[PDB]
Structure formats: structure tokens, C-alpha cells
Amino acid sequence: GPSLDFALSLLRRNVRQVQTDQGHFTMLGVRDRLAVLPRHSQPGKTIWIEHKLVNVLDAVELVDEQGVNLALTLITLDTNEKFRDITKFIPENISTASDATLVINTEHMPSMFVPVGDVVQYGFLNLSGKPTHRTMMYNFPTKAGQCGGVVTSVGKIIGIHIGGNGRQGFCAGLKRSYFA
């Protein structure tokens, strides 16, 4: 109950359908006008968000003290909307999970929840040939169209879906300091 329920609350207040020139993605709204996307979505100066065109004030590929690719892009949106601040639900350190749910919301895959099970430490990932770090893995057959999906455990927001090989899926881990 509490876990699936947490995922459903997040969907409504913080998860949005977007489209870039690279296709359809799920977006996590983090706080106020700040959101996060998979880097592969390559957001431009304008993005579609639930059937409206929105100006992008800033977009930054995420960097930290390790100086590694993390497969995420932070964006600040030129919008009236202010996301409820969910940073307190993001752990300070990358966190695995026993019973995670992947929350997907795109125009093609609207408002869906997928129990992916265990989310385990994985680390380095060559993602279609691009070196990527700080990933976690689930033994679930994730699909094209699910990138940006939000990986949650009860009371915690732990990852963003970025890739998979047909049998397993991979997320970029989330840490609170990314959003400081």
C-alpha cells in the first residue's frame, strides 16, 4: 500500500508528459521551475509539456565532483507552475530498493506504474556506446518510450529510467545534492 500509494501521489503533483525532437519522455518536476530529464532527450529552447509549448530558461547536463557522465539534464522552465518541492524524498546518497515502482507518463504511455522489483547497484554502464556512471539495474523488461520514468520506493525517489537491453532496465540514480 504505502509504496504504490507514494508513487501515485508523485505522479499527480510532479510527473509530466513531455516531447522534444528526440521523442516522448517522462519528466520529474523537482521544485518550483526546476525539473530533470534524461540527457538523451536533448531538450532545446522550447519543449512540449502536456500539450503546451514552454520556453526553457536553462538546461545543464548534470556534473558533480566525480566529473563523470550521469545521463541527466537539469532544466529550468519558463512557467507559471511551481512544483511541490520533493527534494526531501530524494536520498543524500544513491539508494537501492527492494520493491520499487517505475512511474511513466508520456502521451503514448500515460499515467502508468510498473513494479520493477529490486533495484540494485550497477554503476558504470555503456549506454548505446556512451559511458555512463552511477546507474542501478532492475530485472524487468523495460521498453522504448519509458525513459524519464521515475523510480520510487516508499517515501523515496531514487532514479530516472535511461536504458535497457530487453531483459533488464537501468536508471540514473538520484541524490539530493544534484538539486542544491
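Counting begins at 1, following the sequence as shown.
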Seminar exercise, completed: Per the PDB entry, mean CA B-factor is higher for 12 to 20 or 161 to 169, namely for 12 to 20
Seminar exercise, completed: Per the PDB entry, mean CA B-factor is higher for 100 to 108 or 76 to 84, namely for 76 to 84
Exercise. Between 142, 152, 66, 126, which carries the biggest CA temperature factor in the record?
Worked result: 126
Exercise. Which third of the chain holds residue 148 when residues are ordered by C-alpha B factor: lowest, middle or highest?
Worked result: lowest
Problem set entry | Among modelled residues of the same chain, the CA temperature factor third for residue 179 | middle
Problem set entry | Third assignment of residue 59 from its chain's C-alpha B-factors | highest
Exercise. If you rank every modelled residue in this chain by C-alpha B factor, which third holds residue 113: lowest, middle or highest?
Worked result: middle
Exercise. Once the chain's modelled residues are ordered by C-alpha B factor and cut into thirds, is residue 38 in the lowest, middle or highest one?
Worked result: middle
